[PDB]
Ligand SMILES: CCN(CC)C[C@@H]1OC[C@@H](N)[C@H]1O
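Take a look at this one chain, the form solved without the named molecule, written out in structure tokens.
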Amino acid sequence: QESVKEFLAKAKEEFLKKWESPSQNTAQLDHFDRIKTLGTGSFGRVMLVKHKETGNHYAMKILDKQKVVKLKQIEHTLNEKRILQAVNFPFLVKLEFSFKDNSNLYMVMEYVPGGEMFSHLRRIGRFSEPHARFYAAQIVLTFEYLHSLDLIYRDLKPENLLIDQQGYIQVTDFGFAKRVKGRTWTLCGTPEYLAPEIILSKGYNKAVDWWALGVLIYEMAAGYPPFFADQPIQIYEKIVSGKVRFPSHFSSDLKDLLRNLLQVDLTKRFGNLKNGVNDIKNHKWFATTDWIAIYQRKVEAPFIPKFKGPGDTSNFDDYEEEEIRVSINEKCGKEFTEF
């Protein structure tokens, strides 16, 4: 379709210009007031902050450089910031500022108060097929965009999808995203969502994102993921078998789409065939989806998360509040020069 082709050509042109000349050092820490910790990880945290001059709220991801190095995440953190400052799509969280100091890397992103899809899914139990399909369509369009830029996302899971004030998805956490023109090899991603070729230590490509979409759609429509087991080793055994049991309440069209996304043979997997994303967009399960209306955010969403305003944190969890300490001495300057 000429309009999609022209859209994606322009998208790549615009991405490449920012990719080749990344923005750097566009804010500093004392421009913000810290409000609340929204999430943690082994090498950083994400805090709700408020800009002191504008009053705008943001989600500030703070990465400890020394822990990034120790956990062998240097390239991944450089990927994350370089990609985020270069992309632009309705369903991707926007990076507004980035900077670094003696101790930390900072990515200041839009704050989405509706919370993670994970929370809403666990609260409701499962989404109806129309509700799952609305979110899935946004992921399909997002992956069509990312993959056209030679980007692999590699962290699709319900925790990484925020629900915004219109009830639409915003994909967050580009910590594993990478520009890859052929194959890549790193073991990363959450066990339940890993494609077989990742588990088997193969060179893999964008087809792993389409596998993860199959896992996501299954989990949204069932309320639990298809390869569920108590420990990762047992999850991995189920994944590589690819034996999947579908709830009888799944429609036949849903089952057919899922068998083609959860195809162990990556050379047969939807999204990775000659017709690319169009095998997904044209599948019967998506027959009711108006792809353009989704892109233009003209479809009424299945629900609007309850929240009081742009500063409300009620849809996020409570964490111990720790210092944001900045050393008097620069750490790991060399490793993060390009950030």
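Position 1 is the first residue in the sequence shown; the rest follow in order. The term rigid core refers to the maximal set of C-alpha atoms that superpose within 1.5 Å between the two forms.
For the pair 296 to 304 and 55 to 63, the record assigns the higher mean C-alpha temperature factor to 296 to 304. Mean C-alpha B-factor is higher over 244 to 252 than over the other stretch, the pair under comparison being 133 to 141 and 244 to 252. Across the options 232, 115, 167, 214, the residue with the most elevated CA B-factor in the record is 232. Of the candidates 75, 110, 197, 155, the deposited coordinates give 75 the top C-alpha B factor. Residue 290: CA B factor lies in the highest third for its chain, per the PDB record.
The deposited CA B-factor of residue 47 belongs to the middle third of values across its chain. For residue 71, the recorded CA temperature factor ranks within the highest third of the chain's modelled residues. The entry lists a Cα temperature factor for residue 82 that places it in the lowest third of the chain's modelled residues. The deposited CA B-factor of residue 88 belongs to the middle third of values across its chain.
Quick note: we don't show the form deposited with the named molecule bound, though the next part is all about it.
For the candidate spot formed by 17, 85 and 97, no residue has a non-hydrogen atom within 4.5 angstroms of the named molecule in the deposited bound form.
The named molecule is not drawn, but in the deposited bound form it has a heavy atom within 4.5 Å of residue 176. Residue 155 belongs to the set of residues with a heavy atom inside 4.5 Å of the named molecule in the deposited bound form. Taking the partner from the other structure, the named molecule in the deposited bound form has a heavy atom within 4.5 Å of a heavy atom of residue 80.
By the criterion of a heavy atom within 4.5 Å, residue 255 is excluded from the residues contacting the named molecule in the deposited bound form. Of the residues in 32 to 64, only 43 comes within 4.5 Å of the named molecule in the deposited bound form through at least one heavy atom. Rigid-core fit between the shown form and the other one: of 71, 266, 240, 180, the one residue whose Cα shifts 2 angstroms or more is 71. The Cα-Cα distance between residue 204 and residue 72 is shortened by 3 Å or more in the deposited bound form relative to the form shown here. Relative to this conformation, a decrease of 3 Å or more in the Cα-Cα distance between residue 70 and residue 202 is found in the deposited bound form.
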